[PDB]
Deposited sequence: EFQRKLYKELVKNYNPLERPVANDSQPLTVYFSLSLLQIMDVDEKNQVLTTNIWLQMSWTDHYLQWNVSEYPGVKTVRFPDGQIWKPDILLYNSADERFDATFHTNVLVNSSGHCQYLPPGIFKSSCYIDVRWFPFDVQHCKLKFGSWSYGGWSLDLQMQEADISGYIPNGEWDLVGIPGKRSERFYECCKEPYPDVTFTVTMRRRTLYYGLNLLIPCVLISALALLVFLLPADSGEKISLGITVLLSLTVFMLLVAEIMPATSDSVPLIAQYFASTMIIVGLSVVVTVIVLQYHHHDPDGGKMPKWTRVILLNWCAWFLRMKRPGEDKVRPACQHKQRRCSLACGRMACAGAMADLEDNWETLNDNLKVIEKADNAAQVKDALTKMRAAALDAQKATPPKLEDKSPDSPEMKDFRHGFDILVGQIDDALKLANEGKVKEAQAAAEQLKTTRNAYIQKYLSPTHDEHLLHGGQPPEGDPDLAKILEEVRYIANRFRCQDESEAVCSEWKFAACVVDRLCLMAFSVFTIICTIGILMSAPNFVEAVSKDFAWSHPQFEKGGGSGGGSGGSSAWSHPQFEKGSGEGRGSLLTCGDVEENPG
């Protein structure tokens, strides 16, 4: 009854097109804040951030006032979209197909005219994602809010500190903070400020998933490629091991494909590490082929060069600490024995080529193990957030 009288009275001559100020020259203050509930997606390719956010707007409507003694029990009235005036505050850098992601709830007003509008939404904002340091990257995503048509002398947009009391932690990203900043804009025509409120969402990528599902499968496969150097050449499986390890890494590259970004703004750190892994495993297969040329060298081919003999068999091998009728019977038997002697001389030349190949294996083992470690620790710890990341995620 009092409620029914009040609602009928409040809408009389009310124009939702009117900015509700007692003085049309003076400004209308709007307090803008938001409440971040979730970070939903950080899409690299589309360059979009998806968040669950409750916007908070407060302002005063000069016309929606009543004395509560004259309307006992009626302390607040609600109005649905299109019935009272509302600030046209929109997310400027919206990437949503609708552009306005808000669900238009009721606007709460008390007897003094204080309006409270709490539109929820699943916002999509345009954000430049820098994947240079991926997986250890850190993003700074701006959420720029302002009025679509009212300058600062009409809609004076003020800012209130963002709320994160109901924030759900994500499993992919840390929330560092969501500071806001009210900034004015100026047109050369005029002196009027044009305010906006930008909340910069700062978020750190969690790296436990990437450590356990990429580095460990990648380091382990990268270590098996070095295992070729410990495998004898007589196993007949040195190429089998190395080329199948490369094949495994080709198969693993498909998993890496899905998660990897797809940009040309930089080479991601993760792409450097996996790219390097490929080269080291590819070169291991190369030196394996060179080793087998030594191991299977023809005994009746080119004599071991002096420099080959000097470098491998002496210096490197020291550094590595390796190291009537009866007369014709005499003729035939001697032929058999001297043939065994030639066979043994060729076997000894072959043994020297085989030891040269063992020495090249030990050198390739050391060289590749060192290169592997220095490329792993160097690429990974290059990231400015590496130590922090491992400290918080492991």
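- Unmodelled regions of the deposited chain sequence (numbering from residue 1, in sequence order): 324-478, 550-599.
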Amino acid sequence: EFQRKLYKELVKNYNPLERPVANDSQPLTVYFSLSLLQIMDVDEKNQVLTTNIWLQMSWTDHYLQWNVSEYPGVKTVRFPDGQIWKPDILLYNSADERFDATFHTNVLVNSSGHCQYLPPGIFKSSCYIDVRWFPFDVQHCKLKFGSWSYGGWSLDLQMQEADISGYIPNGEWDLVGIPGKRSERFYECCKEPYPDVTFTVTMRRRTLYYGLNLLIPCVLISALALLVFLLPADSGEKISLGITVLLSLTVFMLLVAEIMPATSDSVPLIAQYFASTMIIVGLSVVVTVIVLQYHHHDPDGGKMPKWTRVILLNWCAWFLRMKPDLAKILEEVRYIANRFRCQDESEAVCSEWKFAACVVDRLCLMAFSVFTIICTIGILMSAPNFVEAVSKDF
From here on, numbers count along this sequence of modelled residues.
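Rigid core here is just the name for the largest C-alpha set that superposes within 1.5 Å across the two forms.
- Root-mean-square C-alpha deviation from the shown form, taken over all structures in 9 other deposited structures of this protein superposed by the rigid core, is larger for 185-193 than for the alternative among 96-104 and 185-193.
- Rigid core superposition in 9 other deposited structures of this protein puts the Cα atoms of one stretch, out of 311-319 and 161-169, farther from the shown form on average, and that stretch is 311-319.
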